[PDB]
Amino acid sequence: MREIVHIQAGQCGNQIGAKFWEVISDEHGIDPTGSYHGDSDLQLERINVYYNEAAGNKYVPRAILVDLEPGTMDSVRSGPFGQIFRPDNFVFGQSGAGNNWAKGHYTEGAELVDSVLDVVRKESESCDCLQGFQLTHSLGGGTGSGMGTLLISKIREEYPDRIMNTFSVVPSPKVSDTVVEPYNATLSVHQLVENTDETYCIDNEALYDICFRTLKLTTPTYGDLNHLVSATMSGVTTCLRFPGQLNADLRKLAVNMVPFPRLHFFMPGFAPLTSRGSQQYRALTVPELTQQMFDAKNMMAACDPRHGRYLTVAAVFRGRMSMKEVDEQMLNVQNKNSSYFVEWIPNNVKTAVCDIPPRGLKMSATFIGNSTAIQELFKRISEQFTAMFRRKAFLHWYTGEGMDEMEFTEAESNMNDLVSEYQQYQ
Amino acid sequence: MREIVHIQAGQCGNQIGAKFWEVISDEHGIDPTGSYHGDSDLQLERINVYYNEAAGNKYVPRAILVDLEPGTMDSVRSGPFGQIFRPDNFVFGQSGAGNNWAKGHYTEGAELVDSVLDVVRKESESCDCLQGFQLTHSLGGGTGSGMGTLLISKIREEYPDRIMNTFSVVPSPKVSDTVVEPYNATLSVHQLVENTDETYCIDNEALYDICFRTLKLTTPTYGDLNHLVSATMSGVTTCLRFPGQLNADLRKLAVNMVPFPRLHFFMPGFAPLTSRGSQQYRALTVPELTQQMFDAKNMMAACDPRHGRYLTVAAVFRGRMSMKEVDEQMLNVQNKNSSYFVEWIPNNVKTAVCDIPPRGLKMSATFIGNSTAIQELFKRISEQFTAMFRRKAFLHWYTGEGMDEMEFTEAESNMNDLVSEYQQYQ
Amino acid sequence: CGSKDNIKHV
Amino acid sequence: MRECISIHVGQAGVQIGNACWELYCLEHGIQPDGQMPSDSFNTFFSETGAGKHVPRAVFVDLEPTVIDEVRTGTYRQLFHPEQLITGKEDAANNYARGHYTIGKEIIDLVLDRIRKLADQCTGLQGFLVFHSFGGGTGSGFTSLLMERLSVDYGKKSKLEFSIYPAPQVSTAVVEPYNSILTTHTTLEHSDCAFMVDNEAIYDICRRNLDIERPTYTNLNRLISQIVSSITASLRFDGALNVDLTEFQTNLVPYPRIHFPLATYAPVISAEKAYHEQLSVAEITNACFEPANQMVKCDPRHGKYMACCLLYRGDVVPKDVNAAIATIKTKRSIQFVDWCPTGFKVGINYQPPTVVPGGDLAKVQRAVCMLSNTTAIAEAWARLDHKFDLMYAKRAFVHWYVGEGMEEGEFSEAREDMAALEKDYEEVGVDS
Amino acid sequence: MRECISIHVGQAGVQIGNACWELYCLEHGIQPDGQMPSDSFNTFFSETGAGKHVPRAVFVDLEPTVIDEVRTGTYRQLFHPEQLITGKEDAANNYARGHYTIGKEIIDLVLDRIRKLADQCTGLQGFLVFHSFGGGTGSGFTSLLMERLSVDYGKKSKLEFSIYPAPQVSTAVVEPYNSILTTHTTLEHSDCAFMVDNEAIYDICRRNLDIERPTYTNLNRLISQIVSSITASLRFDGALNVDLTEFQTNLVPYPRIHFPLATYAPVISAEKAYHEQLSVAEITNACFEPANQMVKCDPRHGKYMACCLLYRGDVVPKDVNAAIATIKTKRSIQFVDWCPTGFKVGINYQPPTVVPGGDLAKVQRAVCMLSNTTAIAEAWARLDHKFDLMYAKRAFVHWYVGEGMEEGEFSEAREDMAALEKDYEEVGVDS
Ligand SMILES: CC(=O)O[C@H]1C(=O)[C@@]2(C)[C@H]([C@H](OC(=O)c3ccccc3)[C@]3(O)C[C@H](OC(=O)[C@H](O)[C@@H](NC(=O)c4ccccc4)c4ccccc4)C(C)=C1C3(C)C)[C@]1(OC(C)=O)CO[C@@H]1C[C@@H]2O
Ligand SMILES: CC(=O)O[C@H]1C(=O)[C@@]2(C)[C@H]([C@H](OC(=O)c3ccccc3)[C@]3(O)C[C@H](OC(=O)[C@H](O)[C@@H](NC(=O)c4ccccc4)c4ccccc4)C(C)=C1C3(C)C)[C@]1(OC(C)=O)CO[C@@H]1C[C@@H]2O
Ligand SMILES: Nc1nc2c(ncn2[C@@H]2O[C@H](COP(=O)(O)OP(=O)(O)OP(=O)(O)O)[C@@H](O)[C@H]2O)c(=O)[nH]1
Ligand SMILES: Nc1nc2c(ncn2[C@@H]2O[C@H](COP(=O)(O)OP(=O)(O)OP(=O)(O)O)[C@@H](O)[C@H]2O)c(=O)[nH]1
Ligand SMILES: Nc1nc2c(ncn2[C@@H]2O[C@H](COP(=O)(O)OP(=O)(O)O)[C@@H](O)[C@H]2O)c(=O)[nH]1
Ligand SMILES: Nc1nc2c(ncn2[C@@H]2O[C@H](COP(=O)(O)OP(=O)(O)O)[C@@H](O)[C@H]2O)c(=O)[nH]1
Ligand SMILES: [Mg+2]
Ligand SMILES: [Mg+2]
């Protein structure tokens with residue numbers, strides 16, 4: 001039935017996508033050569049959601065890899081799971097955005113967007129019933145933010161009735177990876193808030209905290225972070241590939257999570273997360289998964305939900321469970337923490353159950369929360385933006401690409417408008 | 001049904017808890033790895049009182065490890081039975097109290113209490129019907145006294161209807177292990193008398209006396225002392241795990257023990273206690289246990305009850321006895337030894353019987369007496385504290401942590417009022 | 001350098 | 001892919017280039033004759049013939065002795081014969097000679113060679129230029145060449161690794177004149193300029209490497225290590241890649257402030273390597289101490305505008321984040337208020353390579369640190385002062401005037417320098 | 001876990017440090033080169049390289065002779081080279097030179113090294129300082145270092161091992177000036193300060209060890225054994241652990257009275273070892289004779305205020321309690337009335353280790369005792385008396401004044417000492 005097209009922009013997007021495709025292939029029993037060697041018919045039952053079929057049993061993932069510099073996906077091609085992708089989906093530029101939003105949005109993106117759209121259209125024509133699009137990117141870099149916003153705008157123009165999901169990497173609150181990181185982020189949101197159906201915000205600092213404190217990893221690398229992100233990505237869309245007691249696809253999640261069009265930023269989570277030394281000390285059950293999901297420490301965005309109130313919540317369980325247990329756990333959570341839920345929405349939670357567990361685990365759960373506490377992050381970014389724009393720091397880099405200060409003013413005004421809306425609805 | 005959460009603070013608490021959990025595990029037939037290897041169904045029938053059940057037959061004690069320095073709990077972790085505890089329950093600081101009540105109650109305890117309370121709450125929510133809490137500590141140390149007082153206050157605020165029991169290592173009357181032993185002791189009592197339900201007082205010197213004169217041990221270490229302390233601990237709550245002809249839980253003991261809210265300091269004792277050579281010469285019958293329990297030299301508190309009068313008395317027998325013999329011994333004790341029983345309470349004795357012998361014994365009995373002879377201990381502590389406080393000795397150490405002399409004055413006044421009450425009731 | 005131009009921005 | 005072109009001019013530039021190319025050949029496993037005994041190094045080396053790799057370098061001087069030393073050295077059969085361009089009479093420490101009289105004789109040939117080398121590249125990213133401020137050929141011809149390049153290309157980035165004059169150590173009398181003139185004429189034609197001081201490197205070698213006789217070879221080896229760590233992200237792959245453009249985007253807040261300072265860590269000797277564990281946190285801390293900066297200026301006298309860290313080898317991103325946070329909390333360092341986020345980080349997998357017979361010990365990780373701070377303003381002031389001391393009495397002016405430099409130019413340069421100093425004072429004040 | 005830093009100042013400090021570090025390396029089985037031939041010793045040693053352990057020690061002196069002796073000895077490859085800091089001219093038994101003129105030259109470098117070592121620790125709890133009152137460098141630089149440490153940190157403990165001047169044996173003419181000045185300066189910056197007396201240790205070696213030629217090696221070995229018994233509770237686990245903070249919480253009743261006395265038992269020779277079956281009670285008794293004290297003063301002349309016992313090896317808590325009770329009931333010693341509970345006791349499993357070539361036999365149990373007593377007041381009085389005898393005629397005063405120390409400072413110091421004497425006689429009176 002439905003099918004999902006995957007987009008992949010920038011270095012962060014490319015690495016997350018590589019890990020995500022390795023995880024997906026391992027889940028469906030496909031070797032890196034692209035030949036099916038699974039054991040259960042359910043792997044091929046809905047394999048068309050992500051993988052095409054070519055003459056000779058080989059499977060081609062329905063993905064597009066885009067970057068303005070060739071190094072990252074050159075490494076992707078050279079490394080493992082590089083022969084699985086069709087080479088026509090590798091789109092490269094020569095210059096690179098150089099952490100400049102304007103360069104990646106107006107100059108290099110303007111050159112590459114036609115080829116990327118041609119590839120997207122060709123890939124989506126073979127689709128039988130397109131469900132939507134997935135995008136992976138970061139709001140800090142130039143290529144990611146700029147070309148992602150451009151692609152999203154063009155797609156929303158082309159396919160207004162489809163679904164767009166983005167897995168962004170929002171800037172961290174403590175330590176930055178880029179000096180101009182504020183500017184780009186704001187310039188990104190001014191587009192995202194208008195063109196994206198739903199966005200899941202991911203913070204690297206929260207992932208470091210999870211890996212250190214919970215998983216007890218002494219040396220967490222980007223591989224582990226992308227592993228966690230890929231686990232969440234797989235958990236979100238599991239109801240499209242396996243049968244379950246209660247089903248939920250992308251459209252239903254969107255319907256349940258956007259009370260108003262301008263509020264589509266959520267904070268994802270996952271459970272269970274245990275090390276290889278304390279996993280035998282705990283028996284995983286539905287109450288354990290529920291308690292780990294509703295933990296401010298377990299959130300994948302560096303934003304405490306206890307400072308605000310939830311609007312809506314989604315819980316996607318994987319494995320064999322009892323509907324009564326899920327319902328009683330949700331009722332108990334809503335009763336105990338009733339101070340963190342808006343009064344003008346009863347039954348904030350929406351649940352889905354998928355029969356097929358993650359390969360190896362007994363049970364699992366994915367949490368998606370739409371909390372007003374995110375406004376904190378938003379206002380923080382705005383603050384830093386102003387702290388720079390008062391002195392015109394690094395402004396010449398952007399204004400030499402054709403952008404004008406009125407664009408910065410508009411972006412800041414819209415950013416503050418969104419913050420005010422989030423405050424009012426709380 | 002009823003379930004108990006166990007907490008220990010400080011070096012004394014950690015050591016006593018390690019010995020106690022080893023004793024309990026051997027009683028229920030659980031290997032150091034945590035996998036049940038028993039031979040009776042009763043060992044699992046009520047094992048939920050102390051052990052949660054993990055995945056794969058493993059059982060995890062419902063215990064919390066609290067200390068301000070990591071050496072003691074590191075030794076606990078590395079030693080035997082160190083792989084039976086959940087590693088998340090080990091809570092350690094870095095600074096350490098340094099035999100300072102103020103440092104562990106206002107400065108370090110303020111930092112650690114949040115995490116410890118989070119762990120305690122997480123443990124408690126998994127309890128079906130929580131019965132109460134157990135604490136093990138000493139009134140002479142800094143970490144034990146201060147941090148345990150802070151936890152008791154916070155827990156009483158959080159759970160006002162539950163049961164709080166403490167095992168306190170009161171300072172010895174002859175030889176002190178710390179110069180600042182007076183101050184800390186008072187600063188603990190002034191809080192304990194307000195927040196705890198019942199407290200058992202144990203003196204190390206009395207234990208030395210018991211293992212020297214009675215057990216005929218030449219070289220008693222802290223191992224033996226903790227071993228029989230844990231024997232008493234197990235004897236107190238044996239009715240919660242095995243059926244008996246007449247059983248009593250913690251709440252009934254509290255109801256029958258304390259006549260007034262400010263008199264909850266008991267003196268425990270255990271019987272039989274014989275050497276390895278004299279076990280072949282003496283008959284083990286109910287009158288033998290009853291005569292040993294009501295013996296001045298057999299008490300675990302260094303205060304002779306012959307100087308005062310009992311208020312109430314509890315006798316928890318264990319094994320296969322005859323009710324007629326128990327009641328006849330109680331009548332004989334109350335009749336012949338009537339000189340030290342209060343006149344305004346008839347039937348000072350409350351008896352319980354547990355069918356299961358301890359592990360490999362025939363009969364045993366635990367004694368808990370609420371005597372007015374503990375006023376001697378309070379007199380002595382008052383005298384020493386006032387003698388030290390008149391010259392302001394060591395006072396700058398406490399006042400440099402934030403406290404003021406008004407706290408010392410009010411603590412001494414409150415505990416002197418307790419002295420007056422204990423004297424008046426006799 | 002024109003660092004003083006936008007200091008009046010709200 | 002992305003290609004970088006290197007230009008080395010003057011004695012200092014040529015010798016630093018020799019050290020840099022020896023380091024590159026050693027790191028990439030290329031023999032001095034251009035053959036590989038056993039491929040991302042297309043960035044620096046092009047393939048010509050059967051298995052021969054030719055570096056993309058241009059060596060320029062108006063005096064043939066140092067280039068002749070190159071032509072007869074160990075790397076004689078490595079460089080293209082036409083890439084080594086020589087004059088006959090040097091500028092003789094005269095900026096006007098290397099700018100107006102002698103430079104214009106071979107500037108066209110140099111531009112022709114550069115165009116021929118650049119047309120081959122498909123993804124050219126920028127130019128690397130090595131020179132010195134005090135020298136006549138260095139300053140004059142470098143200024144002329146960058147003017148010509150900025151006119152010809154404009155969009156491509158241009159970088160310098162220049163030798164700033166030392167506060168006390170000097171090897172010329174006409175040094176302030178040339179330094180001021182070249183800074184004034186290169187201020188508007190550059191994107192980023194990394195500067196080092198011979199005195200600071202002497203102090204580093206004495207204090208850390210425990211070398212009492214630090215000849216120019218050791219200094220050039222350290223500088224080459226820094227350049228290699230800068231270009232590593234281009235020459236290899238890592239968890240976080242940084243090309244040349246991101247440097248100017250992240251370190252240059254205003255077009256007239258593009259003079260960062262370059263340091264390095266860990267600079268330790270062989271014997272002290274055993275007593276020290278080179279962890280990420282400690283080398284990050286060492287990169288920020290004033291005693292390790294390779295320009296004789298105290299960072300504590302000013303405030304940082306932007307900072308860039310480049311890690312190599314065994315490095316974990318969480319440790320990098322923790323160390324940067326710890327540096328941020330510390331109040332020994334100062335940051336401008338209008339720059340809340342003042343760090344750009346890059347991580348690469350390739351560890352540094354120790355040149356045999358060298359002075360640095362073998363380590364598994366290293367950090368290159370670039371900082372754009374107002375602490376350099378003091379240095380500028382000092383130079384200006386010296387200029388004034390020698391210009392109130394018209395000392396040595398006739399030498400420059402006789403070569404076609406009109407006198408008013410000097411005033412212009414001084415005026416511009418004053419304005420630049422004012423610029424720093426304006427951005428060093430919080431709001 | 002919990003970390004400690006050892007500081008050694010001057011000739012006496014450096015020699016005692018060498019003995020202590022040899023003893024620690026032997027105890028933990030570390031070869032002189034830093035390797036291990038086969039772990040709670042992270043308190044003193046830091047891991048580095050491939051299984052190399054570097055002590056957390058800093059060696060400071062204003063003369064290079066003794067540090068160079070260390071740098072060429074058997075333990076040359078054990079210490080980090082940057083931790084041995086030397087000046088060029090010593091204070092020459094001048095407090096002013098070591099405190100004002102010479103010490104200020106290297107105080108900054110010493111503090112830099114101190115903070116570099118301190119940042120490496122996660123749970124640092126205190127510093128150990130070894131020095132001498134009589135010397136110039138020792139007293140002056142120790143006072144300066146304590147001032148700087150108290151200003152920088154303030155909360156961490158600072159314990160002191162110091163060589164109190166002997167009542168009769170003297171090795172300098174200006175001992176009273178230096179002692180009084182350093183005591184006045186450091187009186188409000190040391191949390192606790194144990195003392196040893198060279199004359200007392202000479203007496204101990206003569207009476208007990210049957211040695212007639214006790215070079216400084218024997219005295220330093222004794223002191224190292226004592227400090228090992230003090231820090232064993234950190235380095236090993238025991239039935240009753242004692243931290244560094246507990247010492248000061250239990251032995252200092254007032255901030256101005258922090259001068260305990262250190263003893264050790266058993267001190268016997270090999271020949272007499274076989275004829276005495278040493279037990280806990282007899283060792284506890286032996287620790288209380290005046291002849292076994294390591295400060296030449298009679299405790300029977302004063303009253304104890306607090307006592308600390310540290311037991312090692314085969315020790316049973318019941319025997320400890322019985323022995324301490326017997327000591328308490330014995331009326332030949334006295335305790336202040338306002339301290340009814342005057343004992344702290346700690347027990348450790350690991351027995352003391354016998355250094356080969358030493359002069360102490362092998363025992364399975366040992367006791368270290370520290371007593372804060374008023375009998376030390378007499379010593380202060382004697383020192384003050386000597387100071388007056390030398391100050392009425394202003395002998396040697398010009399030597400101190402010429403280094404910048406104002407004359408009035410002397411008066412302050414003397415007056416302060418007077419107050420301290422009064423302090424003791426105020427707390428030695430029962431009520
Ligand atoms: C044998 C076994 O049961 O051991 C587990 C295991 O020990 C743990 C730690 C696994 C393990 O995961 C990690 O080690 C890990 C480390 C850092 C970050 C993320 C993962 C495991 O690798 C993961 C692996 O999971 C799978 O096989 C799923 O299919 C998983 N796929 C992958 O992780 C994967 C990795 C590389 C290539 C292809 C797939 C998955 C998870 C979520 C959604 C889709 C797929 C399993 C169960 C284990 C190991 C082997 C140790 C965990 O896996 C997940 C993400 O569910 C980590 O959190 C769980 C908890 C498990 O107890
Ligand atoms: C048949 C018989 O009487 O054998 C006894 C024994 O001889 C005596 C002397 C035992 C023995 O205990 C001691 O004398 C003793 C005391 C301190 C330190 C070491 C040993 C015994 O060790 C004790 C041990 O008792 C037990 O095993 C109990 O279950 C005890 N648990 C443990 O001792 C234990 C050991 C290892 C691991 C975990 C627990 C217990 C009792 C009540 C409540 C909980 C636990 C046994 C069989 C004996 C010996 C071996 C001599 C006594 O111990 C107890 C508490 O039962 C001393 O008082 C009793 C009286 C007994 O007569
Ligand atoms: N670090 C370093 N600096 C050098 C080196 N060679 C020369 N210099 C610097 O260059 C300055 C002298 O100017 P040069 O660069 O030699 O002048 P030039 O490039 O030969 O040009 P002309 O003056 O016309 O000959 C000195 O102050 C040195 O500091 C070198 O090998 N390493
Ligand atoms: N117990 C003991 N005392 C020592 C030792 N070495 C020196 N001393 C004492 O130190 C005193 C002499 O002062 P120094 O320690 O040499 O003074 P300094 O620290 O070197 O500083 P300067 O006076 O400037 O030389 C003598 O009275 C000795 O008692 C030693 O190894 N053991
Ligand atoms: N989680 C995660 N984040 C990444 C990864 N790589 C880069 N990032 C983030 O992306 C930002 C850098 O943007 P980048 O995509 O490299 O710039 P671009 O090349 O212009 O698109 C940094 O803030 C990083 O935190 C990755 O592998 N995983
Ligand atoms: N019975 C018993 N008493 C102990 C044990 N360990 C310590 N104590 C007593 O506890 C007191 C020391 O308190 P401690 O816990 O070390 O101080 P803290 O570090 O502040 O908690 C001493 O008076 C000891 O008598 C033990 O294992 N058993
Ligand atoms: Mg030249
Ligand atoms: Mg000396």
# chains A, B, ... in the order shown; residues from 1 in each chain; ligands from 1
$ closest_atom_pairs --of "chain A" --to "ligand 5" --cutoff "9 Å" --atoms "only C-alpha atoms and all ligand atoms" --output "tab-separated table"
residue	atom	partner	partner_atom_place_in_ligand_line	distance
A:9	CA	ligand 5	21 (O)	6.8
A:10	CA	ligand 5	21 (O)	3.6
A:11	CA	ligand 5	15 (O)	4.2
A:12	CA	ligand 5	6 (N)	3.6
A:13	CA	ligand 5	15 (O)	6.6
A:14	CA	ligand 5	27 (O)	7.9
A:15	CA	ligand 5	27 (O)	5.1
A:16	CA	ligand 5	27 (O)	6.0
A:67	CA	ligand 5	21 (O)	7.4
A:68	CA	ligand 5	19 (O)	7.4
A:69	CA	ligand 5	19 (O)	7.5
A:96	CA	ligand 5	20 (O)	7.1
A:97	CA	ligand 5	20 (O)	5.4
A:98	CA	ligand 5	20 (O)	5.9
A:99	CA	ligand 5	20 (O)	4.7
A:100	CA	ligand 5	20 (O)	7.1
A:101	CA	ligand 5	20 (O)	7.9
A:104	CA	ligand 5	20 (O)	7.6
A:137	CA	ligand 5	15 (O)	6.7
A:138	CA	ligand 5	10 (O)	5.2
A:139	CA	ligand 5	11 (C)	7.2
A:140	CA	ligand 5	11 (C)	5.1
A:141	CA	ligand 5	17 (O)	3.3
A:142	CA	ligand 5	20 (O)	3.7
A:143	CA	ligand 5	20 (O)	3.5
A:144	CA	ligand 5	21 (O)	3.7
A:145	CA	ligand 5	21 (O)	6.8
A:146	CA	ligand 5	20 (O)	8.2
A:147	CA	ligand 5	21 (O)	8.5
A:169	CA	ligand 5	3 (N)	6.5
A:170	CA	ligand 5	23 (O)	8.0
A:171	CA	ligand 5	23 (O)	6.4
A:172	CA	ligand 5	25 (O)	8.0
A:176	CA	ligand 5	23 (O)	6.7
A:177	CA	ligand 5	23 (O)	4.7
A:178	CA	ligand 5	23 (O)	6.4
A:181	CA	ligand 5	23 (O)	7.7
A:202	CA	ligand 5	1 (N)	7.6
A:203	CA	ligand 5	1 (N)	7.4
A:204	CA	ligand 5	1 (N)	5.6
A:205	CA	ligand 5	25 (O)	8.9
A:207	CA	ligand 5	1 (N)	8.0
A:221	CA	ligand 5	27 (O)	8.6
A:222	CA	ligand 5	27 (O)	4.9
A:223	CA	ligand 5	27 (O)	6.8
A:224	CA	ligand 5	28 (N)	8.8
A:225	CA	ligand 5	1 (N)	5.6
A:226	CA	ligand 5	28 (N)	5.5
A:229	CA	ligand 5	1 (N)	7.5
$ write_last_selection --atoms "C-alpha atoms" --output "mmCIF file, in the first residue's frame"
data_model
loop_
_atom_site.group_PDB
_atom_site.id
_atom_site.type_symbol
_atom_site.label_atom_id
_atom_site.label_comp_id
_atom_site.auth_asym_id
_atom_site.auth_seq_id
_atom_site.Cartn_x
_atom_site.Cartn_y
_atom_site.Cartn_z
ATOM 1 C CA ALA A 9 20.967 16.235 3.330
ATOM 2 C CA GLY A 10 24.266 17.431 4.740
ATOM 3 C CA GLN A 11 26.904 15.509 6.644
ATOM 4 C CA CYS A 12 24.766 14.867 9.722
ATOM 5 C CA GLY A 13 21.881 13.778 7.527
ATOM 6 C CA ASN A 14 24.093 11.484 5.464
ATOM 7 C CA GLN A 15 25.596 9.742 8.489
ATOM 8 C CA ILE A 16 22.222 9.343 10.204
ATOM 9 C CA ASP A 67 25.304 16.975 -0.230
ATOM 10 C CA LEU A 68 27.144 20.034 -1.503
ATOM 11 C CA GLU A 69 30.521 18.361 -0.885
ATOM 12 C CA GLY A 96 29.992 23.308 -0.284
ATOM 13 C CA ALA A 97 27.946 25.750 1.776
ATOM 14 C CA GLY A 98 30.714 26.467 4.285
ATOM 15 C CA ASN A 99 28.314 26.759 7.244
ATOM 16 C CA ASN A 100 26.604 29.675 5.466
ATOM 17 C CA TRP A 101 22.816 29.441 5.352
ATOM 18 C CA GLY A 104 23.298 26.847 0.789
ATOM 19 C CA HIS A 137 19.268 17.224 8.392
ATOM 20 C CA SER A 138 20.648 19.628 10.979
ATOM 21 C CA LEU A 139 19.686 23.230 11.663
ATOM 22 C CA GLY A 140 23.246 24.345 12.412
ATOM 23 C CA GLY A 141 25.185 23.781 9.215
ATOM 24 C CA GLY A 142 24.844 25.709 5.992
ATOM 25 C CA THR A 143 24.183 22.834 3.597
ATOM 26 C CA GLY A 144 21.750 21.026 5.870
ATOM 27 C CA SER A 145 19.624 23.995 6.873
ATOM 28 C CA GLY A 146 19.661 25.902 3.590
ATOM 29 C CA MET A 147 19.180 23.100 1.093
ATOM 30 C CA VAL A 169 19.186 18.288 15.009
ATOM 31 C CA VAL A 170 18.479 21.485 16.952
ATOM 32 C CA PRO A 171 21.394 23.413 18.510
ATOM 33 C CA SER A 172 22.475 22.396 22.002
ATOM 34 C CA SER A 176 27.878 24.860 20.204
ATOM 35 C CA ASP A 177 29.606 23.326 17.199
ATOM 36 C CA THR A 178 29.480 26.489 15.073
ATOM 37 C CA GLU A 181 24.941 28.557 14.614
ATOM 38 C CA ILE A 202 17.010 16.009 18.478
ATOM 39 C CA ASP A 203 19.766 17.459 20.661
ATOM 40 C CA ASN A 204 23.277 16.022 20.763
ATOM 41 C CA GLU A 205 23.774 16.994 24.412
ATOM 42 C CA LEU A 207 22.090 11.978 23.519
ATOM 43 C CA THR A 221 30.939 8.386 19.367
ATOM 44 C CA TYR A 222 28.648 9.681 16.647
ATOM 45 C CA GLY A 223 28.003 6.063 15.697
ATOM 46 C CA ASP A 224 26.101 5.431 18.924
ATOM 47 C CA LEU A 225 24.140 8.681 18.640
ATOM 48 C CA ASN A 226 23.068 7.842 15.100
ATOM 49 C CA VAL A 229 18.325 8.177 16.288
#
$ interface_residues --of "chain E" --to "chain B" --cutoff "6 Å" --atoms "only C-alpha atoms" --output "list in words"
residues 123, 245, 246, 250, 253, 316, 338, 339, 341, 342, 343, 344 and 345 of chain E
$ residues_near_ligand --ligand "ligand 3" --cutoff "6 Å" --atoms "only C-alpha atoms and all ligand atoms" --output "number ranges by chain"
D: 10-12, 15, 90-93, 132, 134-138, 170-171, 198, 216, 219-220
$ interface_residues --of "chain D" --to "chain E" --cutoff "9 Å" --atoms "only C-alpha atoms" --output "list in words"
residues 272, 273, 274, 275, 276, 277, 278 and 282 of chain D
$ residues_near_ligand --ligand "ligand 2" --cutoff "9 Å" --atoms "only C-alpha atoms and all ligand atoms" --output "JSON, numbers by chain"
{"B": [19, 20, 21, 22, 23, 24, 25, 26, 27, 211, 215, 217, 220, 221, 223, 224, 225, 226, 227, 228, 230, 231, 232, 233, 234, 235, 238, 270, 271, 272, 273, 274, 275, 276, 277, 278, 279, 280, 357, 358, 359, 360, 361, 362, 364]}
$ interface_residues --of "chain C" --to "chain A" --cutoff "6 Å" --atoms "only C-alpha atoms" --output "mmCIF file with C-alpha atoms, in the first residue's frame"
data_model
loop_
_atom_site.group_PDB
_atom_site.id
_atom_site.type_symbol
_atom_site.label_atom_id
_atom_site.label_comp_id
_atom_site.auth_asym_id
_atom_site.auth_seq_id
_atom_site.Cartn_x
_atom_site.Cartn_y
_atom_site.Cartn_z
ATOM 1 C CA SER C 3 29.340 47.524 14.540
ATOM 2 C CA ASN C 6 22.152 48.082 14.615
ATOM 3 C CA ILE C 7 22.544 48.752 18.351
#
$ residues_around --residues "segment 388-396 of chain D" --least-positions-apart "2" --cutoff "12 Å" --atoms "only C-alpha atoms" --output "PyMOL selection string"
chain D and resi 93-95+173-178+180+381-386+398-402+407-408+410-411+413-415+417-418
$ interface_residues --of "chain D" --to "chain C" --cutoff "10 Å" --atoms "only C-alpha atoms" --output "NGL selection string"
:D and (253-257 or 419-420 or 422-424 or 426-427 or 431)
$ interface_residues --of "chain B" --to "chain A" --cutoff "7 Å" --atoms "only C-alpha atoms" --output "list in words"
residues 54, 55, 60 and 86 of chain B
$ atom_distance --atom1 "atom CA of residue 419 of chain B" --atom2 "atom CA of residue 265 of chain B"
12.3 Å
$ residues_around --residues "residue 88 of chain E" --least-positions-apart "3" --cutoff "10 Å" --atoms "only C-alpha atoms" --output "PyMOL selection string"
chain E and resi 61-65+91+102
